[PDB]
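Novice: my complex, part one, positions kept as in the full thing:
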Amino acid sequence: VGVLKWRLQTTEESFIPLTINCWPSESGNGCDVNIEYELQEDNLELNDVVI
Amino acid sequence: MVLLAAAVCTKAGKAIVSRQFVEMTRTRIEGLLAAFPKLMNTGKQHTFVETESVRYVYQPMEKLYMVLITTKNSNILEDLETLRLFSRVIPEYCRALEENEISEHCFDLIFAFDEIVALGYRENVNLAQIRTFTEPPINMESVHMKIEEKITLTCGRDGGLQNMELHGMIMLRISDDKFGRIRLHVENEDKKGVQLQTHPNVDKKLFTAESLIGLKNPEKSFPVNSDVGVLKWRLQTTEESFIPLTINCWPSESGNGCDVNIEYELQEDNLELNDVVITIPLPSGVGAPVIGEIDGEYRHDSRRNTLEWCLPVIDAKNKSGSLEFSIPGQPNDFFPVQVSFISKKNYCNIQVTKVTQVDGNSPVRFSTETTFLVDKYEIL
């Protein structure tokens, strides 16, 4: 089948557990950055996450 | 034609050479030129003189008249100017005017006449050109947001999207003390079309995820024109805009007559539109229609050649009608139907997710309202 040793493309139907939505903002002199993280089903929890 | 003929005359009592641009003044040309140019076109040594209801413009050269005739006129300067250019061209061909030499160069002069004035409209000529041819209150603190948008659509019978575009702005009216910083969060937009404008005092923030815009609002009402898409933009209705109405038209050939059923669909049933009208056109050989509709009023209007259905407010609804036609000609293609509508949502899908204000305590977003209006909304 695919094999039990493969490189599959994450592109091909792979789910990306995280999507990051970055909204940078120009506060003016400073900059305000908001980072949005989204996970898959709420029930599942990820670990060792760092952004 | 405005210029009947351009004519060279001898006051021998005949048109020596003359030009009929399109077959009209053949023999007619000679009689006019022969009588009128003899009297100096009945002139008094005036370039414009009008006789027997025909404007004659002229210049005397010897026993000969170079004559322009019109019976209609577009401008003052123009009539003289073609005659004038003619008068540069005529001595090149005939060494002044003189009946025998004019006669010999019928071809030359005549060709110039066609070239100079074409289908009675005064073109221009020149002697070189001629050659080619012959070659403090913060208790009060409140904020209101109003998103006003118009959507445009062109769609096929099939329901093809064709082109669409939404135009809109979000106006904010805020009563806030102090100078508070506000951050606006909205959904992300795309646009086949293009346009976005930002009010000053709008800052753009870059965030890893999500997009944010922040600004100190002017007090009172102002166009936000925030960053992001902006709070003044033309977005494409095509890009993710919802078309509140889809019209499905089923014309039918009853035979002699025609039966038309028009299907209207609205978004969620809960939402209701207002000021809706459907304009269903009809063919010229109208007879009379009988129309039936569950909701609203529908009326046929001759002149307009359209049947107009009006509905004060609609959850969603449909209409049908039968038409009687005399059948001249063959079948006629249908013209598109147009609709006008008002909806309490924006179909650019602008959503105000959150506007948080700082520099103080929570203000009340007393109200956010959406006014959606139809632009040119056409479906065949």
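Specialist: Sure thing, it's come through. Residues are numbered from 1 along each chain as shown, chains lettered A, B, ... in the order given.

Novice: can you give me the strands for chain A?
Specialist: A:19-26, A:31-38 (DSSP state E).

Novice: what's the closest of those strands to chain B?
Specialist: strand A:19-26 (0.7 Å; C-beta to the nearest C-beta). The C-beta positions use only the backbone N, C-alpha and C, and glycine is treated the same way.

Novice: what helices and strands are in contact with the closest one?
Specialist: Judged by 3 or more C-beta pairs under 8 Å, 6 or more residues apart in numbering or on different chains; DSSP states H and E, the packing partners of strand A:19-26 are strand A:31-38, strand B:203-205, strand B:212-216.

Novice: hang on, the earlier thing: tell me which of the strands of chain A sits most buried.
Specialist: Ranked by mean neighbour count under mean count of other C-beta atoms under 10 Å in any protein chain shown, the strands of chain A are led by strand A:19-26, which reaches a mean of 17.

Novice: that strand to strand B:181-186, inter-axis angle?
Specialist: Interaxial angle of strand A:19-26 relative to strand B:181-186 (axes from the mean of the first three to the mean of the last three C-alpha atoms, to 10 degrees): 140 degrees.

Novice: report the distance from strand A:19-26 to the chain centre.
Specialist: 13 Å (C-alpha atoms, centre = their mean, to the nearest Å).

Novice: contacts for that strand?
Specialist: Here strand A:19-26 makes contact (C-beta atoms under 8 Å, 6 or more residues apart in numbering or on different chains) with A:31-38, A:51, B:183, B:203-214, B:227.

Novice: just give me the residue closest to the centre of chain A.
Specialist: In chain A, the C-alpha nearest the mean C-alpha coordinate belongs to residue A:18, at 2.2 Å (C-alpha atoms, centre = their mean).

Novice: not counting its neighbours along the chain, what's nearest that one?
Specialist: Closest residue to residue A:18 apart from its sequence neighbours, by C-beta to C-beta, 6 or more residues apart in numbering or on different chains: residue A:37 at 5.9 Å.

Novice: residues contacting the one you found?
Specialist: A:18-20, A:49, A:51, B:209.

Novice: can you pull up the bridge partners for it?
Specialist: Legend: beta-bridge partners of residue A:37 under DSSP bridges are residue A:20.

Novice: would you check that the residue nearest to the centre of chain A makes contact with residue A:49?
Specialist: Yes. Between residue A:18 and residue A:49 there is a contact under C-beta atoms under 8 Å: 7.5 Å.

Novice: most remote residue from chain A's center?
Specialist: Residue farthest from the centre of chain A, counting by C-alpha atoms, centre = their mean, is residue A:29 at 29.5 Å.

Novice: what about residue A:10, neighbour count?
Specialist: A total of 9 residues lie near residue A:10 under the criterion other C-beta atoms under 10 Å in any protein chain shown.

Novice: and chain C on top of that:
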Amino acid sequence: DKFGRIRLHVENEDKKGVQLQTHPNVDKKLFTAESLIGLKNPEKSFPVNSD
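Specialist: Now chain C, sitting on the chains shown earlier:
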């Protein structure tokens, strides 16, 4: 009984391939929305071949 006019309403079709035939006595109606077909049926059984 009698000769009754009938209107048929069906879903809208698309076809990569091609072919459609209509029985006589089939009329096509143009409506702003939805499509409609009307006809006086022959009595007994016949191929509708509507519009």
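
Novice: got the phi and psi for the residue farthest from the centre of chain A?
Specialist: Main-chain torsions, residue A:29, degrees, to the nearest 10: phi -60, psi -50.

Novice: ok, it to chain C distance?
Specialist: Here residue A:29 is placed at a distance of 56 Å from chain C (C-beta to the nearest C-beta, to the nearest Å).

Novice: quick one: neighbours of residue A:39, just the number.
Specialist: So residue A:39, with other C-beta under 10 Å, has 13 neighbours.

Novice: pretty sure it is in contact with residue A:15, am I right?
Specialist: No. Counting by C-beta under 8 Å, residue A:39 does not reach residue A:15; the two are 10.5 Å apart.

Novice: picking that back up, isn't the residue nearest to the centre of chain A right next to residue A:36, touching?
Specialist: No. Look at residue A:18 against residue A:36 with C-beta under 8 Å: they stay out of range, at 10.1 Å.

Novice: residue A:51 contacts residue A:35, correct?
Specialist: Yes. With contact defined as C-beta under 8 Å, residue A:51 and residue A:35 form a contacting pair (6.2 Å).

Novice: quick one: terminal-to-terminal distance for stretch A:38-51?
Specialist: End-to-end distance of stretch A:38-51: 12 Å, with C-alpha to C-alpha, to the nearest Å as the criterion.

Novice: if you count neighbours, what's buried in that stretch?
Specialist: Going by neighbour count (16 or more other C-beta atoms under 10 Å in any protein chain shown), nothing in stretch A:38-51 comes out as buried.

Novice: contacts for that stretch?
Specialist: Contacts with stretch A:38-51, where a contact means C-beta under 8 Å, 6+ apart, come from A:15, A:17-21, A:35, A:37, B:208-209.

Novice: which single one of the residues you listed is nearest to chain C?
Specialist: residue A:15 (32.7 Å).

Novice: number of nearby residues for the closest one?
Specialist: 8.

Novice: nearest residue to it in space, please, no chain neighbours.
Specialist: Excluding its sequence neighbours, the residue lying closest to residue A:15 (C-beta to C-beta, 6+ apart) is residue A:40, at 6.4 Å.

Novice: just the CA coordinates for stretch A:4-17, please, in CSV.
Specialist: Extracted as CSV, the C-alpha positions of stretch A:4-17 are listed here (Å, rounded to 0.1, in the frame of the first residue of the first chain):
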residue,chain,number,x,y,z
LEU,A,4,4.8,1.3,6.5
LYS,A,5,7.9,3.4,5.8
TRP,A,6,7.2,6.4,3.7
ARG,A,7,7.4,10.0,3.0
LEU,A,8,4.0,11.1,2.2
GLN,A,9,3.2,14.5,1.4
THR,A,10,1.7,16.5,4.2
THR,A,11,0.4,18.2,1.3
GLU,A,12,-1.4,15.2,0.2
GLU,A,13,-4.2,15.1,2.7
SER,A,14,-2.1,15.8,5.7
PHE,A,15,-3.5,17.7,8.5
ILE,A,16,-1.6,20.5,10.0
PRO,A,17,-2.3,20.4,13.6
